[PDB]
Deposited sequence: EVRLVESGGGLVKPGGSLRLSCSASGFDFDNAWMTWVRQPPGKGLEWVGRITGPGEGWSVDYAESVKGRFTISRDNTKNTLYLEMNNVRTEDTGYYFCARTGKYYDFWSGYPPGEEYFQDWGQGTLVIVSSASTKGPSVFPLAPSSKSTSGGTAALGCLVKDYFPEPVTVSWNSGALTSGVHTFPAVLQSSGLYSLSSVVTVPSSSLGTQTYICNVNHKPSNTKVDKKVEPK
């Protein structure tokens, strides 16, 4: 019955602004405390801030690394939670969740102001902070090296996601592993695709990686050879 849906995520330049929305249903929204939580890619959950209810004057608290730049508000006439992000930084990149916040205080063993727990969560909306525009990748060969050997292609400095990598036009799929892209501090992505091959086939078989970057309409075919 409880439904929380985040929206408003997208690409924003550093120093810009963005507003995330969270529409709620299935519970008494007016008297409910609401929390924003973010998760940077590959990292853990981070508490962003929370807005209280009518008895607290709708007061809002923020994380220290967030104060001065984010504003949390609510519109009880539309059952929506808001997160306004100003002067946005690259570290603000990640998935943003809204959470219905509960309140707990044990009379005999608690300590004010008790603790807050998150009963219900949304599915999250992705925010990407990057100064970069559309850019095709630079493909570099990774010559075979001892692992059986391993060889591959380094797909460097592209934007935005995604990039697909195949080998020998899809004819080589055994032993192939394409890693997830890492977002660099420059705002560009990079990844690697690697295949494990027997060392006895390094001078007999040819290996061509096929890199396709649809956002920039770029295709690259690179042959990986021993030194």
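Residues of the deposited sequence that lack C-alpha coordinates fall in a single stretch, 148-152.
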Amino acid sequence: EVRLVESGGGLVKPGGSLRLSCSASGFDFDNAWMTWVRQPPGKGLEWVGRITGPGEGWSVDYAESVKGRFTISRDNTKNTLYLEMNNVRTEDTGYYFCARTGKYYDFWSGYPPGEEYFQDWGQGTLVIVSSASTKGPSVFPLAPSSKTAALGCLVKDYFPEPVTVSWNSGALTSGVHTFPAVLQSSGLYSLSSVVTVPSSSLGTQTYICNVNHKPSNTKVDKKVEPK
From here on, numbers count along this sequence of modelled residues.
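Just going by the entry, 160-168 versus 66-74 on mean CA temperature factor gives the higher value to 66-74. Look at the C-alpha B-factors of 18-26 and of 201-209. On average they run higher in 201-209. For the set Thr125, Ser145, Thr93, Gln119, the PDB entry assigns the largest Cα B-factor to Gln119. Considering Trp108, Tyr82, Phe97, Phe140 together, the PDB entry gives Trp108 the largest C-alpha B factor.
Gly187: CA B factor lies in the highest third for its chain, per the PDB record. Ranked by Cα temperature factor within the chain, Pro112 sits in the highest third according to the deposited record. Per the PDB record, residue ranking by Cα B-factor puts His177 in the middle third of the chain. In this PDB entry, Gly49 carries a Cα temperature factor that places it within the lowest third of its chain's modelled residues. When the modelled residues of the chain are ordered by their C-alpha B factor, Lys227 lands in the highest third.
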